[PDB]
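Report on the following structure.
Cβ atoms come from the backbone with ideal geometry, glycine included; neighbour counts cover every protein chain shown. Readers should treat all values here as calculations from the given coordinates under stated rules, not as data from a laboratory.
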Ligand SMILES: Nc1ncnc2c1ncn2[C@@H]1O[C@H](COP(=O)(O)OP(=O)(O)OP(O)(O)=S)[C@@H](O)[C@H]1O
Ligand code: SF4
Ligand code: SF4
């Protein structure tokens, strides 16, 4: 059965299973943050301002990963940040995948004027870097977590349109799509019942790169001030205006970036696992 | 002929679209047919607007930024191409070795890197703890040049041809961290694509013919495999050159670099829309010309197209 | 009485660009093919690559519209823009493709693949569709346990069996077979050929059997049509075309076909050059570049099919052999 | 010339290997044409790539003897193998379109083949390449040096492969299904070219193909492969008038040439044994119509027969076709 064959090959990539274990742990930390986090992410311990991690001489077990420049606990902020990072990445990937697959099937199946109109709009909105276009839209529409997520949803559509349109043109020339047309299948059946199940293998791997890019680009928007706003526990926002702490408080600079890097690396490890399992490569 | 004409026929509809959407931005967000003609006529005469804080014309602000971004982008792409290509070839040739697992492992770590944070880490290690390399700026505030000379505006050229003794190694020391930081995602993508390309090509029937002629393993790799495995590589390179500005907004901000990304993000934070509107047009323009150049390069190397 | 299927003057020209947008050349992939096919008979279409045999297959199963000519089933026209003609087009004429690996959807179960034709074209319930599909599997030599499996779980012969089984679901009476046994092994080939002859004798099917292998055609065919550069060059019953080939290309194609039995090994005649590209077709007769019998009219005119003792050949040298005044 | 003994080629783990070639033995004399006939999964192509050293990292090769021209291909150095491969043994492959490097012109690929073994200046090499393209029948050899592989037909691509293989005048040419992809007239042209080179240069030729009729016209000796094993050997006329192995008999009865107009063709039941499906005793036990309890216990020897032929059977067939 093909789902057990996929899982059998996914288990062969040891790095991909390490990625999946981390993603389940960070999802559990994201769901249960209210109960796991030792303090509220906006509460200020002004008696313990710039206190180092529990393993350094000025620190205590009261604050495992230390405090920031207003006395907030860094551990709790990192895991409420894990919650925001996964919710934005999930919303971006689902909406960009739905709208991009439909426009790519409509382009790749019907061809002609529809393919030309769709692909010229896609080539126009790829004339700028993804982050620069997201920054311009969030600066026209004001910086907020919602605005940043809608900008990231919009600038990601080109990749799903271009990939789906590329996969559909490789299937539409094949004898099984032709045999289905000789049997009388209409456009709706041809796209969604016959061609789409064959395009789904490329798309399952592209969603993992989408999660990685949504996390990197949301953290980039937050770092540049054009994203989640200053009181919020978002990981890029925690790195906005911290560079003066590189000498005095290394933990403020270090741990939000390990939380980003670790999470993006886990989705990228898992993605190359999906690639090894879905392609006839091994 | 025909390949160039077929690609120019897709660049022109894209450039018309970029110009129409920039006219819509300039009309809708202040700092039909007759107004569009008046706008593109002004842009063709260099009337891109006036920057609200400085009151300098947007083109007269731009040129120094473009040079200081191109100098950095060149060095970052030199690092990425020089180091990445040899490592991807060795990784594919030594498949399953400690070198392959390390090359794949480090490339995946670089491809997942938050650029802005990793430059703070290298400031913290290299510039604060070890104290080897300067934290900020394009050249030391010690360095000044007589403006009488025909200075190019590229510091690595200018400080070599017209600089005092010891100024050039300062202009290089300031370049090292920005070039390594900006070059890391490109390097990772070039290692990944060079490896996958080479493993694809090393499995082809013409490599079995090359072995069956009695060719040396080095000649099968460099002459037969790598010429074919370079075609895909060319493409990605093209892709990455377009994406370097994204990495430059993040890199230039932490290193306080004079540059086109720092100028754009400061304009977006100010709501200095005259700089954003002229800047996205010039950036867009550069990207599509770069893309066109690359694809002409690909259609010259590739015999199937030539 | 009208024949089961009749083609009159079929053509298919594809327009093409000579590295420039203006010059608008035609690729004459097929021009001037005509035949009558009777019920319970096999017409074999034979020739090398570039001869038009596969575009003829695509026209007859209505995958592509023709540029000209007529196509009648039992005396009524199949080329109309008419929703009443769909009930002939999809039910009565069906196709078996060349490639067993590309002609089955790899993400569908065999039951799904066989029931899709019935779901689109018929009123049958989910139970009745399964009963008809399992009966067709049993007719074609697949097991009842195979109904749940995906195409990748089957050998090339079992895949060509699913493809034959899908083709027969709507109860056809013409089946177009585009090189159906080319990829298969000797044994599997044998297997597959026995099945197609059993199905013809049982159900009454007529085959348009498009083939490069003349050994298989000498077994399965009743009538043979020989193709060169989009035109029919020789047409006749199997015994005429294999025991008395009159056209120079048929003689060359049979002389190039390898034969195991030493006594059947014909005089070797070896042709020069490549088969010419249809973007730049030769003037006059298409074979004049390769032919051993080149003669005055051959570079000036296209020949036409004429009856010379009960078989048709398009050749001026045969016309002079039968009419010495030519 | 070539002397293969107990040759085996394996894939996968040594506790349960896929035996793609399994203790085969054959010999080729200089000036002989040897056909290797088999179905899918027979190991025929693999046996020849093991002479060339083209079996790769997940595979293994072992033999009791593997001499070419008096040199043991199991124990010579990498340099000494490169001094045989292309110079004394050469090979042409199944697909004309994928087998030439698409980034280099035909003249570069032939002049490179000449350079690796014979050397010489540019002029000399170019002259010898024009000589070879004229020898394999290219219609204008001077302009065809400058074409890229995508500009060639399948027939011209295979003629370029023959010119590139024969460039150093080898003692043995291996042809792994050289004409499977080509039209019938182009197949006849290429095999009459190979047989003209074979006779004119006094060269050994190994034809590996599934087409019995094509080998019956071309070959002196035929070797029949099944499930990685040789099952019959003999002269190309005798082997198909009176077959000595049930497998070869079955193989002939499945050809549409071997029957009246529209009578049903015979065919063996079952499928060729893969890694997991492999029977004890004779590998034809599940399929052989003459199977007996001896065949289920014993692996049969490659029995030497009275007329000089061999068949891997406990009961070699008489002239009427019975055990
Ligand atoms: N879409 C097309 N546009 C232009 N020429 C075409 C097109 N499709 C097919 N041809 C040409 O049609 C000619 C006639 O032969 P085909 O109909 O393609 O069948 P065939 O080549 O004889 O059989 P094949 O090789 O097994 S598909 C070929 O030379 C093709 O190059
Ligand atoms: S018409 Fe002329 S060229 Fe054509 S086959 Fe006859 S003799 Fe040959
Ligand atoms: S040894 Fe027995 S099973 Fe094998 S081929 Fe001979 S008779 Fe058949």
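Which whole-number percentage describes the relative contact order of region A:102-198, with Cα contacts under 8 Å and a sequence gap of 6 or more?
It comes to 36 percent, rounded to a whole number.
At 1.002 mPa s and 20 °C, plugging the Kirkwood radius over alpha-carbon pairs of region A:54-200 into Stokes-Einstein gives what diffusion coefficient in µm²/s?
115 µm²/s
Of the DSSP beta bridges with both residues in chain D, give the percent that are antiparallel, rounding to the nearest 5.
DSSP beta bridges in chain D are roughly 60 percent antiparallel.
Rounded, prolate or oblate for region D:71-192? Axes are the square roots of the Cα gyration tensor eigenvalues, ordered a ≥ b ≥ c, and the cut-off for rounded is a/c under 1.5.
Oblate is the answer for region D:71-192, as a/c is 1.5 or above yet b/c matches or exceeds a/b.
Output the 0 to 90 degree angle, nearest 10, between the alpha-carbon long axis of helix D:122-135 and the longest principal axis computed from the alpha carbons of chain D.
Helix D:122-135 and the main axis of chain D meet at about 50 degrees.
Please state the equivalent ellipsoid semi-axes for region A:30-121: what are the square roots of 5 times the Cα gyration tensor eigenvalues, largest first, in whole Å?
With the √(5λ) rule applied to region A:30-121, the semi-axes are 49, 12, 9 Å.
Quick check on the exposure proxy: order C:65, D:164 from fewest to most C-beta atoms within 10 angstrom.
C:65, D:164
Which order do the peptides D:241-253, C:299-311, A:136-148 come out in when sorted by mean C-beta neighbours inside 10 angstrom, highest first?
The peptides rank, most packed first, as D:241-253, A:136-148, C:299-311.
Would you please state the base-10 log of I(q)/I(0) at q = 0.15, 0.19, 0.23 1/Å for region C:196-316, with intensities from the Debye formula using one equal scatterer on every alpha carbon?
Here the Debye-derived log intensity ratios amount to -0.77, -1.14, -1.46.
From the convex hull of the Cα coordinates of region A:1-83, what is the mean projected area in square nanometres?
Average of the hull's projected areas for region A:1-83 equals 7.2 nm².
Which of the peptides D:74-82, B:229-237, C:261-269 is most tightly packed, and how do the rest follow, judged by the mean count of other Cβ atoms within 10 Å per residue?
Descending mean neighbour count gives B:229-237, D:74-82, C:261-269.
Along each of the three principal axes of the Cα atoms of region D:171-244, give the extent in whole Å, ordering the values from largest to smallest.
Sorted from largest, the Cα extents of region D:171-244 read 32, 28, 24 Å.
Mind listing P(r) for region B:146-255? All alpha-carbon pairs, 5 Å bins, whole percents.
Bin by bin from 0 Å, the calculated values are 2, 10, 14, 12, 12, 12, 10, 10, 8, 6, 3, 1, 0.
Given a Förster distance of 25 angstrom, what is the FRET efficiency for residue C:293 paired with residue C:239, based on the Cβ-Cβ distance and rounded to 0.05?
That gives a FRET efficiency of 0.60.
Can you pull the mean other chain C-beta count within 10 Å for peptide D:91-104?
That works out to 5 on average.
Using helices alone, what [θ] at 222 nm do you get for the protein assembly as shown, with -39,500 (n - 2.57) per DSSP H run of 4 or more residues, divided over all residues and rounded to the nearest 500?
The helix contribution divided over the protein assembly as shown gives -15500 deg cm²/dmol.
Going by alpha carbons, how many degrees (0 to 90, nearest 10) lie between the helix axis of D:106-117 and the longest principal axis of chain D?
80 degrees
Write down the percent of antiparallel bridges among all DSSP beta bridges whose residues are both part of chain C, to the nearest 5.
So the antiparallel bridges in chain C amount to around 60 percent.
Taking a ≥ b ≥ c as the square roots of the eigenvalues of the Cα gyration tensor of chain A, is the shape rounded (a/c under 1.5), prolate (a/b larger than b/c) or oblate?
Note, shape of chain A comes out prolate.
For the Cα atoms of chain D, what angle does the longest principal axis make with the long axis of helix D:184-200, in degrees from 0 to 90, nearest 10?
Orientation of helix D:184-200: about 80 degrees from the principal axis.
Over chain D, what is the mean sequence separation of C-alpha contacts under 8 Å (at least six apart), divided by residue count, expressed as relative contact order in percent?
So the answer I get is 20 percent.
As a test, work out the antiparallel percent of DSSP beta bridges whose residues both lie in the protein assembly as shown, rounded to the nearest 5.
Among the beta bridges of the protein assembly as shown, antiparallel pairing accounts for roughly 60 percent.
Which order results if B:162, A:35 are arranged by neighbouring Cβ count within 10 Å, fewest first?
Fewest-to-most ranking of B:162, A:35: A:35, B:162.
How long is chain C along each principal axis, judged by its Cα atoms, biggest number first, in Å?
Projected onto the principal axes, the Cα atoms of chain C cover 70, 53, 47 Å.
Say each of residue B:196 and residue C:266 gets a label point 7 Å from the Cα, pointing the same way as Cα to Cβ; how far apart are those two points in nm?
Calculated label separation equals 5.3 nm.
Any idea what the relative contact order of chain A is, in percent, if you count C-alpha pairs under 8 Å spaced at least 6 apart?
Answer for chain A is 25 percent.
Just the Cα atoms of chain D: what Rg and Dmax do they give in Å?
In Å, with Rg to one decimal and Dmax whole: 21.0, 69.
By its C-alpha gyration tensor, with a ≥ b ≥ c as the square roots of the eigenvalues, how is region B:2-301 shaped: rounded for a/c under 1.5, else prolate for a/b larger than b/c, else oblate?
Oblate is the answer for region B:2-301, as a/c is 1.5 or above yet b/c matches or exceeds a/b.
Convert 4 °C to kelvin, take the viscosity as 1.567 mPa s, use the Kirkwood radius over C-alpha pairs of region B:93-203 as Rh, and evaluate the Stokes-Einstein diffusion coefficient in µm²/s, rounded to a whole number.
77 µm²/s
To two decimal places, what compactness ratio does the protein assembly as shown give when its Cα radius of gyration is scaled by 2.2 N^0.38 Å?
1.09
Within a 10 angstrom radius of each residue's Cβ in C:186-198, how many Cβ atoms of other chains show up on average? Whole number is fine.
So the per-residue partner count for this stretch is 6.
Report the Cα-based extents of region B:42-95 along its three principal axes, largest first, to the nearest Å.
58, 21, 14
Could you rank the peptides A:177-188, C:88-99, B:141-152, A:39-50 by their average count of other C-beta atoms within 10 Å per residue, with the highest value first?
Taking the mean over residues of other Cβ atoms within 10 Å, the ranking is C:88-99, A:177-188, A:39-50, B:141-152.
What is the Cα radius of gyration of region D:226-311 over 2.2 N^0.38 Å, N being its residue count?
In units of the globular-protein estimate, region D:226-311 measures up at 1.18.
Report, as an integer, the average count of C-beta atoms from other chains found within 10 Å of each Cβ along B:250-263.
1
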